[PDB]
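Next up, start11.txt (compact mmCIF, N, CA, C and O atoms and all ligand atoms):
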```txt
# COMPACT_ATOMS: atom_id res chain seq x y z
N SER A 1 6.76 19.34 -10.86
CA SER A 1 8.07 19.36 -10.25
C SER A 1 8.40 17.92 -9.80
O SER A 1 7.47 17.14 -9.59
N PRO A 2 9.68 17.55 -9.67
CA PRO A 2 10.09 16.22 -9.22
C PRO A 2 9.26 15.71 -8.05
O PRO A 2 8.68 14.63 -8.12
N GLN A 3 9.18 16.50 -6.97
CA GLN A 3 8.41 16.14 -5.79
C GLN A 3 6.95 15.84 -6.13
O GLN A 3 6.42 14.82 -5.72
N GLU A 4 6.31 16.73 -6.90
CA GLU A 4 4.92 16.57 -7.31
C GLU A 4 4.76 15.26 -8.09
O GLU A 4 3.88 14.46 -7.80
N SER A 5 5.64 15.06 -9.07
CA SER A 5 5.66 13.88 -9.91
C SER A 5 5.74 12.62 -9.04
O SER A 5 4.95 11.69 -9.21
N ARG A 6 6.66 12.61 -8.07
CA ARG A 6 6.80 11.51 -7.13
C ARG A 6 5.49 11.33 -6.36
O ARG A 6 4.94 10.23 -6.34
N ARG A 7 4.97 12.39 -5.75
CA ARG A 7 3.73 12.35 -4.98
C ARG A 7 2.57 11.77 -5.80
O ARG A 7 1.80 10.95 -5.29
N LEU A 8 2.45 12.18 -7.07
CA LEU A 8 1.43 11.69 -7.98
C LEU A 8 1.66 10.20 -8.25
O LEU A 8 0.73 9.40 -8.15
N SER A 9 2.89 9.80 -8.56
CA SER A 9 3.23 8.40 -8.79
C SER A 9 2.86 7.55 -7.58
O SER A 9 2.22 6.50 -7.71
N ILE A 10 3.23 8.02 -6.39
CA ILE A 10 2.89 7.37 -5.13
C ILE A 10 1.37 7.26 -5.05
O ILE A 10 0.84 6.17 -4.86
N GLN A 11 0.64 8.37 -5.21
CA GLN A 11 -0.81 8.35 -5.14
C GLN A 11 -1.43 7.36 -6.14
O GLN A 11 -2.36 6.64 -5.79
N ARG A 12 -0.92 7.30 -7.37
CA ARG A 12 -1.40 6.36 -8.38
C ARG A 12 -1.13 4.93 -7.91
O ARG A 12 -2.00 4.06 -8.00
N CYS A 13 0.06 4.67 -7.35
CA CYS A 13 0.37 3.36 -6.79
C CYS A 13 -0.64 3.05 -5.68
O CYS A 13 -1.18 1.95 -5.61
N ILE A 14 -0.93 4.03 -4.82
CA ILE A 14 -1.91 3.90 -3.76
C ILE A 14 -3.27 3.55 -4.34
O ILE A 14 -3.95 2.68 -3.80
N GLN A 15 -3.70 4.20 -5.43
CA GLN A 15 -4.97 3.84 -6.06
C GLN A 15 -4.95 2.35 -6.41
O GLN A 15 -5.91 1.63 -6.12
N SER A 16 -3.85 1.87 -7.00
CA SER A 16 -3.70 0.45 -7.32
C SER A 16 -3.79 -0.41 -6.05
O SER A 16 -4.48 -1.43 -6.05
N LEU A 17 -3.11 -0.01 -4.97
CA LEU A 17 -3.15 -0.72 -3.69
C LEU A 17 -4.60 -0.81 -3.19
O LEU A 17 -5.11 -1.90 -2.96
N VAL A 18 -5.24 0.35 -3.02
CA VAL A 18 -6.63 0.48 -2.59
C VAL A 18 -7.52 -0.44 -3.42
O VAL A 18 -8.34 -1.18 -2.87
N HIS A 19 -7.38 -0.38 -4.75
CA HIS A 19 -8.14 -1.24 -5.65
C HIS A 19 -7.88 -2.70 -5.25
O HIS A 19 -8.81 -3.43 -4.93
N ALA A 20 -6.62 -3.11 -5.29
CA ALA A 20 -6.18 -4.47 -5.03
C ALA A 20 -6.68 -5.03 -3.70
O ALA A 20 -7.12 -6.17 -3.64
N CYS A 21 -6.62 -4.22 -2.64
CA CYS A 21 -7.05 -4.62 -1.31
C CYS A 21 -8.54 -4.98 -1.32
O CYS A 21 -8.95 -5.95 -0.69
N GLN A 22 -9.35 -4.20 -2.03
CA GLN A 22 -10.78 -4.44 -2.14
C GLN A 22 -11.09 -5.56 -3.14
O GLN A 22 -12.06 -6.30 -2.97
N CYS A 23 -10.30 -5.64 -4.22
CA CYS A 23 -10.46 -6.57 -5.31
C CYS A 23 -10.22 -8.02 -4.87
O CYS A 23 -9.17 -8.59 -5.11
N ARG A 24 -11.23 -8.66 -4.28
CA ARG A 24 -11.17 -10.05 -3.86
C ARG A 24 -11.41 -10.96 -5.06
O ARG A 24 -12.21 -11.88 -5.00
N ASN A 25 -10.72 -10.67 -6.17
CA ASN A 25 -10.83 -11.41 -7.42
C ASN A 25 -9.44 -11.76 -7.93
O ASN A 25 -8.80 -10.96 -8.61
N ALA A 26 -8.99 -12.98 -7.63
CA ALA A 26 -7.70 -13.48 -8.08
C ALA A 26 -7.55 -13.46 -9.61
O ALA A 26 -6.44 -13.50 -10.12
N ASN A 27 -8.67 -13.40 -10.32
CA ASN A 27 -8.70 -13.40 -11.78
C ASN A 27 -8.58 -11.98 -12.35
O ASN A 27 -8.68 -11.81 -13.57
N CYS A 28 -8.40 -10.96 -11.51
CA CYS A 28 -8.30 -9.59 -12.00
C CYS A 28 -7.11 -9.44 -12.95
O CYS A 28 -6.00 -9.86 -12.64
N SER A 29 -7.36 -8.84 -14.12
CA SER A 29 -6.40 -8.64 -15.18
C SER A 29 -5.30 -7.64 -14.81
O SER A 29 -4.14 -7.86 -15.15
N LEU A 30 -5.68 -6.53 -14.17
CA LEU A 30 -4.80 -5.43 -13.78
C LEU A 30 -3.42 -5.92 -13.28
O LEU A 30 -3.33 -6.38 -12.14
N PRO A 31 -2.35 -5.77 -14.09
CA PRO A 31 -1.00 -6.12 -13.67
C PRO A 31 -0.67 -5.45 -12.34
O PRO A 31 -0.11 -6.08 -11.45
N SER A 32 -1.04 -4.18 -12.20
CA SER A 32 -0.85 -3.37 -11.02
C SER A 32 -1.54 -4.00 -9.80
O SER A 32 -0.98 -4.03 -8.70
N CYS A 33 -2.75 -4.52 -9.99
CA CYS A 33 -3.51 -5.17 -8.93
C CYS A 33 -2.78 -6.44 -8.51
O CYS A 33 -2.51 -6.64 -7.33
N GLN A 34 -2.43 -7.27 -9.49
CA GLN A 34 -1.69 -8.51 -9.25
C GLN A 34 -0.39 -8.19 -8.51
O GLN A 34 -0.02 -8.87 -7.55
N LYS A 35 0.33 -7.15 -8.95
CA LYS A 35 1.58 -6.72 -8.35
C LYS A 35 1.35 -6.36 -6.89
O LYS A 35 2.02 -6.89 -6.00
N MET A 36 0.39 -5.47 -6.62
CA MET A 36 0.08 -5.06 -5.26
C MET A 36 -0.27 -6.28 -4.40
O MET A 36 0.28 -6.43 -3.31
N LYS A 37 -1.12 -7.18 -4.89
CA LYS A 37 -1.45 -8.40 -4.17
C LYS A 37 -0.17 -9.17 -3.83
O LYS A 37 0.06 -9.48 -2.66
N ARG A 38 0.67 -9.45 -4.82
CA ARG A 38 1.92 -10.15 -4.61
C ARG A 38 2.78 -9.45 -3.56
O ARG A 38 3.30 -10.11 -2.65
N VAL A 39 2.93 -8.13 -3.63
CA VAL A 39 3.70 -7.35 -2.66
C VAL A 39 3.09 -7.50 -1.25
O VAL A 39 3.82 -7.71 -0.28
N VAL A 40 1.77 -7.38 -1.13
CA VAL A 40 1.06 -7.51 0.14
C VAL A 40 1.33 -8.91 0.72
O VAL A 40 1.78 -9.03 1.86
N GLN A 41 1.07 -9.95 -0.07
CA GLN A 41 1.28 -11.34 0.31
C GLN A 41 2.72 -11.54 0.77
O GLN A 41 2.97 -12.04 1.87
N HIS A 42 3.68 -11.11 -0.07
CA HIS A 42 5.09 -11.18 0.24
C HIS A 42 5.33 -10.56 1.62
O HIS A 42 5.94 -11.19 2.47
N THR A 43 4.87 -9.32 1.81
CA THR A 43 5.09 -8.60 3.05
C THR A 43 4.54 -9.37 4.25
O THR A 43 5.26 -9.57 5.23
N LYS A 44 3.28 -9.80 4.18
CA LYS A 44 2.66 -10.57 5.25
C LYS A 44 3.51 -11.80 5.58
O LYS A 44 3.77 -12.07 6.75
N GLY A 45 3.94 -12.54 4.56
CA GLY A 45 4.76 -13.73 4.74
C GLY A 45 6.13 -13.40 5.36
O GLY A 45 6.57 -14.06 6.30
N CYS A 46 6.80 -12.40 4.80
CA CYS A 46 8.12 -11.94 5.18
C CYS A 46 8.09 -11.23 6.54
O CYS A 46 8.26 -10.02 6.61
N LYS A 47 7.93 -12.01 7.61
CA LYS A 47 7.89 -11.54 9.00
C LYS A 47 9.05 -10.59 9.32
O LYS A 47 8.91 -9.69 10.14
N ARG A 48 10.18 -10.79 8.64
CA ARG A 48 11.36 -9.95 8.76
C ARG A 48 11.02 -8.47 8.57
O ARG A 48 11.59 -7.63 9.27
N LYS A 49 10.12 -8.13 7.64
CA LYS A 49 9.70 -6.77 7.32
C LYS A 49 10.82 -5.72 7.51
O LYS A 49 11.94 -5.89 7.02
N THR A 50 10.53 -4.65 8.24
CA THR A 50 11.44 -3.56 8.55
C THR A 50 12.40 -3.92 9.69
O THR A 50 13.23 -3.09 10.05
N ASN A 51 12.35 -5.15 10.22
CA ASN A 51 13.29 -5.60 11.25
C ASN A 51 14.54 -6.08 10.51
O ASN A 51 15.65 -5.64 10.79
N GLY A 52 14.33 -6.94 9.51
CA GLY A 52 15.39 -7.36 8.61
C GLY A 52 15.76 -6.18 7.69
O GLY A 52 16.90 -6.08 7.25
N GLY A 53 14.78 -5.31 7.40
CA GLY A 53 14.97 -4.15 6.54
C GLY A 53 14.69 -4.53 5.09
O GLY A 53 15.36 -4.06 4.18
N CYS A 54 13.70 -5.40 4.89
CA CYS A 54 13.32 -5.88 3.57
C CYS A 54 12.79 -4.70 2.73
O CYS A 54 11.84 -4.05 3.16
N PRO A 55 13.37 -4.42 1.55
CA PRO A 55 12.97 -3.29 0.73
C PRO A 55 11.51 -3.39 0.27
O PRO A 55 10.81 -2.38 0.25
N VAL A 56 11.04 -4.58 -0.11
CA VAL A 56 9.67 -4.76 -0.57
C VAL A 56 8.71 -4.33 0.54
O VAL A 56 7.83 -3.48 0.34
N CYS A 57 8.89 -4.92 1.72
CA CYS A 57 8.06 -4.63 2.87
C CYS A 57 8.15 -3.15 3.23
O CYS A 57 7.13 -2.49 3.43
N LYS A 58 9.38 -2.61 3.30
CA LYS A 58 9.61 -1.21 3.61
C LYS A 58 8.80 -0.32 2.66
O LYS A 58 8.09 0.58 3.10
N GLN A 59 8.87 -0.60 1.35
CA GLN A 59 8.11 0.14 0.35
C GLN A 59 6.61 0.02 0.62
O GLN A 59 5.92 1.04 0.66
N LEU A 60 6.08 -1.20 0.84
CA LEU A 60 4.66 -1.36 1.12
C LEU A 60 4.26 -0.54 2.35
O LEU A 60 3.24 0.15 2.34
N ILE A 61 5.05 -0.61 3.42
CA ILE A 61 4.80 0.11 4.66
C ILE A 61 4.80 1.62 4.38
O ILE A 61 3.88 2.32 4.81
N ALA A 62 5.79 2.13 3.66
CA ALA A 62 5.85 3.55 3.32
C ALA A 62 4.63 3.97 2.49
O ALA A 62 4.00 4.98 2.78
N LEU A 63 4.29 3.17 1.48
CA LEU A 63 3.13 3.39 0.62
C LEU A 63 1.88 3.48 1.50
O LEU A 63 1.11 4.43 1.41
N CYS A 64 1.72 2.50 2.39
CA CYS A 64 0.62 2.43 3.35
C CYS A 64 0.62 3.67 4.24
O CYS A 64 -0.43 4.22 4.54
N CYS A 65 1.80 4.11 4.69
CA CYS A 65 1.95 5.29 5.53
C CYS A 65 1.41 6.53 4.84
O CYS A 65 0.51 7.20 5.33
N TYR A 66 1.96 6.82 3.65
CA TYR A 66 1.52 7.95 2.84
C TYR A 66 0.01 7.84 2.62
O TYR A 66 -0.73 8.81 2.82
N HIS A 67 -0.46 6.65 2.23
CA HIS A 67 -1.88 6.38 2.07
C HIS A 67 -2.63 6.77 3.35
O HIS A 67 -3.63 7.47 3.26
N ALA A 68 -2.16 6.33 4.52
CA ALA A 68 -2.78 6.62 5.80
C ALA A 68 -2.89 8.12 6.02
O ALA A 68 -3.95 8.59 6.43
N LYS A 69 -1.83 8.88 5.74
CA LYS A 69 -1.88 10.34 5.89
C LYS A 69 -3.07 10.92 5.13
O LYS A 69 -3.79 11.77 5.65
N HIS A 70 -3.28 10.46 3.89
CA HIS A 70 -4.37 10.92 3.04
C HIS A 70 -5.73 10.36 3.51
O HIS A 70 -6.73 11.07 3.52
N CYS A 71 -5.76 9.08 3.87
CA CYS A 71 -6.95 8.34 4.25
C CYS A 71 -7.42 8.61 5.68
O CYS A 71 -7.00 7.95 6.62
N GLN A 72 -8.36 9.55 5.83
CA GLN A 72 -8.96 9.82 7.14
C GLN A 72 -9.87 8.68 7.60
O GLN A 72 -10.22 8.59 8.78
N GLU A 73 -10.29 7.80 6.67
CA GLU A 73 -11.16 6.67 6.94
C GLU A 73 -10.50 5.65 7.87
O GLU A 73 -9.87 4.70 7.40
N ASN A 74 -10.70 5.76 9.19
CA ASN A 74 -10.19 4.78 10.15
C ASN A 74 -11.10 3.54 10.18
O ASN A 74 -11.46 3.03 11.24
N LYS A 75 -11.46 3.04 9.00
CA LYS A 75 -12.27 1.85 8.73
C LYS A 75 -11.91 1.40 7.30
O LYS A 75 -12.79 1.10 6.49
N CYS A 76 -10.62 1.43 7.00
CA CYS A 76 -10.08 1.18 5.67
C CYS A 76 -9.63 -0.27 5.49
O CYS A 76 -9.02 -0.82 6.41
N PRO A 77 -9.89 -0.90 4.33
CA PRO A 77 -9.46 -2.27 4.05
C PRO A 77 -7.94 -2.40 3.97
O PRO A 77 -7.39 -3.42 4.38
N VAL A 78 -7.26 -1.39 3.41
CA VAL A 78 -5.80 -1.38 3.25
C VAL A 78 -5.13 -1.78 4.57
O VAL A 78 -5.38 -1.14 5.60
N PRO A 79 -4.27 -2.82 4.59
CA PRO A 79 -3.60 -3.24 5.81
C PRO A 79 -2.65 -2.13 6.27
O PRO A 79 -2.28 -1.25 5.49
N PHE A 80 -2.27 -2.15 7.55
CA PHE A 80 -1.40 -1.16 8.17
C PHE A 80 -2.08 0.20 8.37
O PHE A 80 -1.90 0.77 9.43
N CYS A 81 -2.85 0.71 7.39
CA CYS A 81 -3.55 2.00 7.45
C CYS A 81 -4.07 2.31 8.86
O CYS A 81 -3.69 3.31 9.47
N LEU A 82 -4.95 1.44 9.36
CA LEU A 82 -5.56 1.54 10.68
C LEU A 82 -4.50 1.66 11.78
O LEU A 82 -4.51 2.60 12.57
N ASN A 83 -3.58 0.69 11.82
CA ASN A 83 -2.50 0.65 12.80
C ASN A 83 -1.71 1.96 12.79
O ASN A 83 -1.48 2.54 13.85
N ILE A 84 -1.31 2.42 11.61
CA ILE A 84 -0.55 3.66 11.45
C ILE A 84 -1.38 4.83 11.99
O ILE A 84 -0.86 5.61 12.79
N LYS A 85 -2.64 4.95 11.58
CA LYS A 85 -3.52 6.01 12.07
C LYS A 85 -3.57 6.02 13.60
O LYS A 85 -3.33 7.05 14.22
N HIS A 86 -3.89 4.87 14.21
CA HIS A 86 -3.95 4.78 15.67
C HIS A 86 -2.59 5.14 16.28
O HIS A 86 -2.52 5.90 17.24
N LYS A 87 -1.52 4.59 15.72
CA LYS A 87 -0.15 4.87 16.13
C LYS A 87 0.21 6.28 15.66
O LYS A 87 1.18 6.86 16.14
ZN ZN B 1 -8.06 -6.06 -9.18
ZN ZN B 2 9.92 -8.82 2.72
ZN ZN B 3 -6.82 3.83 4.41
```
Using structure tokens, write down the structure that the file contains.
Ligand SMILES: [Zn+2]
Ligand SMILES: [Zn+2]
Ligand SMILES: [Zn+2]
Amino acid sequence: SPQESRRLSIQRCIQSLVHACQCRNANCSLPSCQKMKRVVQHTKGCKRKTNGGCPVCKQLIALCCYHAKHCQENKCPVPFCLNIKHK
């Protein structure tokens, strides 16, 4: 169903995020990994985040949020995860 498809797509994106966060290898081939890294870097740099209402940052934060809901591991490399869980 549309919702399921979206949830799966989100989860697959999350797998890429999770991979990328752990993948301390700038030489990684994975376009998805490179993309996630770039998005993460962008977000960290873009202090404006959800204050300015930056779509990139908003998406990363939402992705991280959904990830956090799934991720009971309150010792996760993924940024925001921990903060969201505690919050
Ligand atoms: Zn990688
Ligand atoms: Zn931004
Ligand atoms: Zn996590």
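Using only N, CA, C and O atoms, the smallest distance between any of A:28, A:63, A:23, A:57 and residue 10 (chain A) comes from A:63.
Among the candidates A:32, A:60, A:52, A:1, the residue lying nearest to residue 15 (chain A) is A:32 (atoms considered: only N, CA, C and O atoms).
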Proximity of chain A to ligand ZN 3 (chain B): per-residue shortest pair, 8 Å limit, only N, CA, C and O atoms and all ligand atoms, as a tab-separated table:
```
residue	atom	partner	partner_atom	distance
A:18	CA	B:ZN3	ZN	7.8
A:64	O	B:ZN3	ZN	6.4
A:67	O	B:ZN3	ZN	5.0
A:68	CA	B:ZN3	ZN	5.1
A:69	N	B:ZN3	ZN	7.2
A:70	C	B:ZN3	ZN	6.7
A:71	CA	B:ZN3	ZN	4.5
A:72	N	B:ZN3	ZN	6.1
A:73	O	B:ZN3	ZN	4.4
A:74	N	B:ZN3	ZN	6.5
A:75	C	B:ZN3	ZN	6.3
A:76	CA	B:ZN3	ZN	4.4
A:77	N	B:ZN3	ZN	5.6
A:78	O	B:ZN3	ZN	5.3
A:79	O	B:ZN3	ZN	6.9
A:80	C	B:ZN3	ZN	7.2
A:81	CA	B:ZN3	ZN	4.8
A:82	N	B:ZN3	ZN	5.8
```
Q: Residues up to 5 Å from ligand ZN 2 (chain B), counting all atoms listed in the file: could you list those as JSON, numbers by chain?
A: {"A": [42, 43, 46, 49, 54, 57]}
**Q.** At most 6 Å from ligand ZN 1 (chain B) (all atoms listed in the file): residue list as JSON, numbers by chain
**A.** {"A": [19, 20, 23, 25, 28, 29, 30, 33, 34]}
Would you compute an axis-aligned box for region 46-59 of chain A, covering every atom listed for it in the file with 6 Å of margin on each side, and report centre and edge lengths in Å to one decimal as AutoDock Vina command-line options?
```
--center_x 11.4 --center_y -5.7 --center_z 5.3 --size_x 23.0 --size_y 25.4 --size_z 23.8
```
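Our summary of the geometry notes that atom N of residue 24 (chain A) is positioned 15.8 Å from atom O of residue 41 (chain A).
Put simply, atom N of residue 36 (chain A) is 11.8 Å away from CA of residue 59 (chain A).
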Q. How many Å lie between atom C of residue 12 (chain A) and atom O of residue 44 (chain A), rounded to one decimal?
A. 23.0 Å
(Q) With DSSP run on the backbone, what are the alpha helix (DSSP H) residues within chain A? I'd like them as a PyMOL selection string. (A) chain A and resi 2-22+31-45+55-70+81-86
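When all atoms listed in the file are used to measure the gap to residue 84 (chain A), the shortest distance among A:21, A:14, A:40, A:65 belongs to A:65.
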**Q.** Of the listed residues A:51, A:87, A:11, A:17, that which approaches residue 66 (chain A) most closely, counting all atoms listed in the file
**A.** A:11
